[PDB]
């Protein structure tokens, strides 16, 4: 008791986060896009309503908190997050950091300037809203670009100053987490402050246990993503991949069976609107996974339970691990 985490509706006790999905999005977009072209989503009101229905569904399934890891360049709209969080009665933790679509005004910045930006969003507030980020999101897609090196270092520095954790996008098949880990450790950041995300996009357990053994959190965060059935659709295939959700979920069991139950974070990487990809992609996603952010508690957790993962273990993964990760440390 007494540890707090910042949400888009203000501070909450860590012990009230409960069942937490640690990598999710209300809307995957671009900076300024929802303001300039809300009709792309039908309307802003249509997007918010869709998001409220989805989160209420997740809530009815036992989800109490999501971490929306949309950054500035994923077009994070913190007023939107606050509105849908209030309406659905689900906590939303917002993010600072940068993903892999930074505009030139970010790409021209130094490590010091990036550090100052991430600190502003954590310590002062995002935009003019007063809402504080509770996580820092970074990305590589292969070997880090020079700019991405700075971002990761700035993320380490902001995390060391504030205690707020860092979470990452990787190309998991290219094993990005190893260089990400090397950069974070070069800055003196503790591996227990760090989640290496999209780690279920690979079945390479040498790579995953290597990270887990060093104390990283392994983000198994794209549970419902499968394009099995959709080989007609090139963009759906590139996005979803060709592994079943059961294959992804088996990784959670695999890590638990190797002693790594406390190093695991589970999520969907779901969204309710998606403008940074092909048009109508949200109809394809909703057909593949009509349960949205309820998919983990409805499908994945019982799957694990039926494979013989004990309930206390499942609770530790979906409640205790996110609480520990999010508590500023």
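Residue numbers count along the first chain shown, from 1.
Novice: Take the C-alpha B-factors listed in the entry for 234-242 and for 195-203, compute each mean, and give the stretch with the larger one.
Specialist: Looking at the recorded C-alpha B-factors, 234-242 comes out higher on average.
Novice: Report the stretch with the higher mean CA temperature factor, choosing between 109-117 and 90-98 on the basis of the entry.
Specialist: Per the deposited B-factors, the answer is 109-117.
Novice: Sorting 78, 133, 208, 250 by Cα temperature factor from the record, which one lands on top?
Specialist: The listed residue with the largest C-alpha B-factor is 250.
Novice: Kindly indicate the residue among 21, 320, 309, 12 with the greatest C-alpha B-factor in the PDB record.
Specialist: By C-alpha B-factor in the record, 309 ranks first.
Novice: Can you tell me which third, lowest, middle or highest, the CA B-factor of residue 7 falls into for its chain?
Specialist: CA B-factor rank for residue 7: lowest third.
Novice: What third of the chain, by the recorded C-alpha B-factor, contains residue 272?
Specialist: Tercile = lowest for this residue's CA B-factor.
Novice: Comparing residue 122 with the other modelled residues of its chain, is its CA B-factor in the lowest, middle or highest third?
Specialist: Its C-alpha B-factor belongs to the middle third of this chain's values.
Novice: Could you say whether, by C-alpha temperature factor, residue 54 belongs to the lowest, middle or highest third of its chain?
Specialist: Lowest third, going by the recorded CA B-factors of the chain.
Novice: Can you tell me which third, lowest, middle or highest, the CA B-factor of residue 38 falls into for its chain?
Specialist: CA B-factor rank for residue 38: middle third.
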